[PDB]
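Let's start with one chain on its own, the form solved without the partner chain, as structure tokens.
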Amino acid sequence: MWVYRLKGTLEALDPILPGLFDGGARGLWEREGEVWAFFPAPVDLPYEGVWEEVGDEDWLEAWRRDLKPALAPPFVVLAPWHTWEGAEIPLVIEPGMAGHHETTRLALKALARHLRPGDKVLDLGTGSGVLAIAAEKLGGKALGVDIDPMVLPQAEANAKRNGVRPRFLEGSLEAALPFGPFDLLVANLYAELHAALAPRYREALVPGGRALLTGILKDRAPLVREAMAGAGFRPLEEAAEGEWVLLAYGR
């Protein structure tokens, strides 16, 4: 698809608009002093505007513009360019490819409840590092691990913008134990993997430590309940949003 970028406002260009539709324009977007006309392909136009084919970049970039703050009491997730006039705790997460998922939200909310200032936290499957950052904002000391190294520079970049500095490390539970035990572990994964890690979870946490598990589809919540009960944990709390569930356990 091609874009015909013109300078001016819609109100301003309103005259020559009719001619763009004739020329077969199927879309028009006023974007910061410029009017963008969309065509399947370039045509001949006396408007002396510039042509350019639309790419993924442009989409994401456009997606980036429609992005709105996300509430997750006591936090608000924001784009480095967002402005918030509230009393909620700000989290700035560059929309990069590595915080609007229902599970992240349940995680944040649960973290605020189970995290105490001075707690050592393990963000298992840190991704953007958002939860990691959140824990520091609550006064905790955190470690973020992920088997995917691709995400680690972004996470650290994110921490930076949030004026906080968690420890980030490529790996999984095992990569983490040397920095434990921890007071709390927060894991946004999936029901079956939790079920398999249940036993290693209790070894990562000091007695009384907390385990916050999310990324759980409602229809698979039973697997975690059983895995955790058997791993010796005790249920503490349950939260859901859509088809997603978060389960809180105490060791």
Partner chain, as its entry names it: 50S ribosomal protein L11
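Only residues modelled in both forms are compared. Rigid core here is just the name for the largest C-alpha set that superposes within 1.5 Å across the two forms. Positions refer to the first chain, counted from 1.
The next section is about a form of this same protein that is not shown, the form solved in complex with the partner chain.
With a 4.5 Å cutoff on heavy atoms, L197 does not count as touching the partner chain in the deposited bound form; it lies far away. Contact annotation for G27: at least one heavy atom lies within 4.5 Å of the partner chain in the deposited bound form. Contact check for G208: no non-hydrogen atom falls within 4.5 Å of the partner chain in the deposited bound form.
Taking the partner from the other structure, the partner chain in the deposited bound form has no heavy atom within 4.5 Å of any heavy atom of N162. Though the partner chain is absent from this view, in the deposited bound form it lies within 4.5 Å of a heavy atom of just one residue from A240, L236, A229, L10, which is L10. In the deposited bound form, the residues of 87-107 lying within 4.5 Å of the partner chain by at least one heavy atom are, in order, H100, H101, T103. If you fit the rigid core between this form and the one not shown, you'll see the Cα of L246 move by less than 2 angstroms. After superposition on the rigid core, the Cα of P235 moves by less than 2 Å between this form and the one not shown. If you fit the rigid core between this form and the one not shown, you'll see the Cα of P222 move by less than 2 angstroms.
Listed in sequence order, 1-55, 58-65, 96-98 mark where three or more consecutive residues have CA shifts of 2 Å or more between this form and the one not shown on superposition of the core.
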